[PDB]
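Before any comments, here is the structure.
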Amino acid sequence: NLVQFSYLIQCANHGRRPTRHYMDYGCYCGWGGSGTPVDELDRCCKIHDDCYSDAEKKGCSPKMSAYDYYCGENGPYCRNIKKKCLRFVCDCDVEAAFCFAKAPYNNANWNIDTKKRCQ
């Protein structure tokens, strides 16, 4: 689920940025599919939204999947092997968490008018 995603985000970035900062960024962060990914960070969010879609096609509800992870000192990692839907959804969230951290944050691309900018 999303509480765990927020935890995987803070682990991969190490406190430097709030999860709130990522939920209304560009055209795709916040899950509204629209236009072109404006940024590197915005492509992380499109890929993540798309990841969660394959998940739902395999029977995995991203919302209802409470998986198992461990936050190490280099960032998060998934511990599921057998419970296959929990590991798939964990991978969507872990790879997005690391993407968000390694990606540059344009403060100018946070909260853009998506009606205009994301067509």
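Here the sequence shown stands for residues 1 to 57, 59 to 61, 67 to 125, numbered as in the entry's author numbering.
All C-beta atoms, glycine included, are put in the ideal place defined by N, C-alpha and C.
- Looking only at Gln125, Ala107, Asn112, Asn117, the smallest Cα-Cα distance to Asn13 is reached by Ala107.
- Under DSSP, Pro82 takes part in a beta bridge, and its partners are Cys77.
- About 7 Å separates the beta carbons of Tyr73 and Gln4, which is inside the 8 Å limit, making them a contact pair.
- In this structure, the straight-line span from the alpha carbon of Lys88 to that of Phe94 is close to 11 Å.
- Take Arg85, set aside five residues on each side of it, and the residues of its chain with a beta-carbon closer than 7 Å to its own are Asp74, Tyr75, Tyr76, in chain order.
- Nearest in C-alpha terms to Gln10, of all of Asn115, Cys105, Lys69, is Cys105.
- For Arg43, the closest alpha carbon among the candidates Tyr25, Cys61, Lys90, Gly78 is that of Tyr25.
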